[PDB]
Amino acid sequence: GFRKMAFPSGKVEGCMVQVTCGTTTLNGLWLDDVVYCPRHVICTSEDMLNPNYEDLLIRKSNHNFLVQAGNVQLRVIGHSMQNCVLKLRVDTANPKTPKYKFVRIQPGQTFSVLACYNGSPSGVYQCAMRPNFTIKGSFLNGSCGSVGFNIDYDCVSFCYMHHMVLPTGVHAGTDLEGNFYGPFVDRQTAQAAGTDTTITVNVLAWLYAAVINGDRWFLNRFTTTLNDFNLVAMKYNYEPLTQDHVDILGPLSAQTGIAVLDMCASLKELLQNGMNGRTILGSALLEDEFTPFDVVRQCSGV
């Protein structure tokens, strides 16, 4: 009765194009008269090991970039690099360009991913940016250039572009200005993510959503101190709970009659003894990919 909901994807679907350079095909994002895509599209197998992208780009020309929107070919009249993103200038402005901004998100915030292949949208799902700056996506070959976004009213906030796959199976990318999320680089080399942690404030938000929807068994009368909860958090690899987090949860603590430090004692108990044979909102683990705002959005229908 509570579900992981993605944003409707129509405004973004109209921006997805296909970009080919040599033997590599991936996706581009077409806004006004520019197509954005990962700079590593210009790499060959023998350059992926240790690229010199400035030197690679200087060697490329406008006509080494084949851009197709549907079955209509877009002519590239210029090319430039911003950090790890390639900007391809095209002759035509996208008539479907929505109101949009480029925004860099924070670990713990959520967004929708429009997975695409060959310039064609194929699925949409909701993700969180993990504390270790990876995302636990579902991506196949040719998925590079797929974007993540939020919607606010009529404005699309683009926050993510997909670049690569870490050997642990999680995913890494940049914002739309080409800055990486996390301590990763675009070359084929030994890279590992840092130890992940659980997004504490999101777990609490989800526990409030369970209360709102009629699960109440984990609740208990005991409260706790922020100082004492954060010792338990450290042991179980949870992010520390700050006083900003407690304030953010204010609107849900009011609507349900449960103080944050009380819910923290419930969460402490679940970390120690487990769920003692139960589920919560149809899950047998503690969900951390719903933000406080997500819980309201879904419990209010914005």
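Start at 1 with the first residue shown and count on from there.
Taking only CA atoms, the mean B-factor in the PDB entry is higher for 187-195 than for the other of 187-195 and 124-132. According to the PDB record, 226-234 carries the higher mean C-alpha B-factor of the two stretches 140-148 and 226-234.
Within the group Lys99, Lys87, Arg221, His163, the record's highest C-alpha temperature factor is found at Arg221. The entry assigns its greatest Cα B factor, within the set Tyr153, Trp206, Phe180, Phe111, to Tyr153. Among all modelled residues in this chain, the alpha-carbon of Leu285 has a temperature factor (C-alpha) in the middle third. In the deposited entry, the Cα temperature factor of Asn118 sits in the middle third of values across the chain's modelled residues. In the deposited entry, the Cα temperature factor of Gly173 sits in the bottom third of values across the chain's modelled residues. The entry lists a Cα temperature factor for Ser9 that places it in the lowest third of the chain's modelled residues.
In this PDB entry, the Cα temperature factor of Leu29 sits in the bottom third of its chain's modelled residues, the lowest group.
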